[PDB]
């Protein structure tokens, strides 16, 4: 494995991927994680692709994580007798629970927990926000509305409510079946949809158990408001830009994205920027200038992971999509301004031993040419803290456990290597050092840094550091 780029690339798996060898090509182009979209495919396809990925992980011998993306609830409108009713601007329209076929005056909304708690003067978006509805006055059975934007409204079209926060669980009965199937498979990362309350993480975490880590998808304003809270209760955050763009002013979004990456980097939780990264590539072998800029912004904010969806899952050029993504990340890293750029975002360390060690690590790195930070853990949580600081040297996380390594694959600039636990810091000096020549990271004569827990026990914060030089293996 070569550390060409520190930012991570999660690549979706879909119909276009169709070989055990296809997955190998994607990671050979710098893809770090692999995503199975449970809104599509059937379990035979996922289970097949999952296994294909696990062959490649064993063949290359370096841990590559697998992320399973829950569909979440889908909020759709009822049926129309006409089928296509042409709604006109500024006219009154209602929607019931009852299955009255649509007549330009009323359609049903099968899911009634939307109807409850909707207040007058809230907007209602249909057909991916194409039409805006204004609620004039409500009842228990129906909502009277005024059309604020009109257009053809086909049946079973999609509904969005940006203002309201709904008492509805982000776990659908379909999502629960998906959860039991992916946990059985051995997925590492579960991405949760429709997150609007921090409590929604707890319900998913209880079902997940310690079997897998959980990532919260910021898709509603509801979540963005409570981002700080949500980011604390989960293991990582994914920004679905496209999906907010429905529920907020587009011009607002890059601000929200920019803000959220900050909240995550404060807490050290990995942050993933996703959706509309390089869509031009689905059909074209090179991106548009605008896209490269969109990517470079996300990479530059210091975000840990970037997600490619259609470009790899179903697309005429899925490898070169990754090839480009990696090249853009390398170009951002190449810029000398970028290293200084990150510095302002870097939260000043808190008065703890683990922060001080990481802080001391910075000074030592200015004074000496440090080729690798080599923090060693099993729980991952230390290497997460070592990554918060965003060092210029690559982290080489050493692992007595495969499960943590696959999860650490999302983390910023963290490269994980797996071996039998050796249990002692002063002993592992040679091992950590040899591992470096093993993973071909440091030349004979570079200096490396090792950090670990003090008693090699569950006591916390990894509070010792030790410089070592690779003297000539004559």
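Numbering follows the first chain given and starts at 1.
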Residue stretch of maximal mean CA temperature factor, 73-81 vs 295-303:
73-81
Report the stretch with the higher mean CA temperature factor, choosing between 224-232 and 133-141 on the basis of the entry.
133-141
Hey, out of 257, 123, 309, 316, whose CA B-factor is highest in the deposited coordinates?
123
Taking the Cα B-factors listed in the entry, which of 29, 33, 411, 428 comes out highest?
428
Considering every modelled residue of the chain and its Cα B-factor in the PDB entry, is residue 283 in the lowest, middle or highest third?
lowest
Temperature factor at the Cα of residue 89, chain-ranked in thirds, falls in the highest
Record-listed C-alpha B factor of residue 416: chain third:
lowest
Chain third (lowest, middle, highest) by recorded CA B-factor, residue given as residue 165
highest
Against its chain's modelled residues, does residue 216's Cα B factor rank lowest, middle or highest third?
lowest
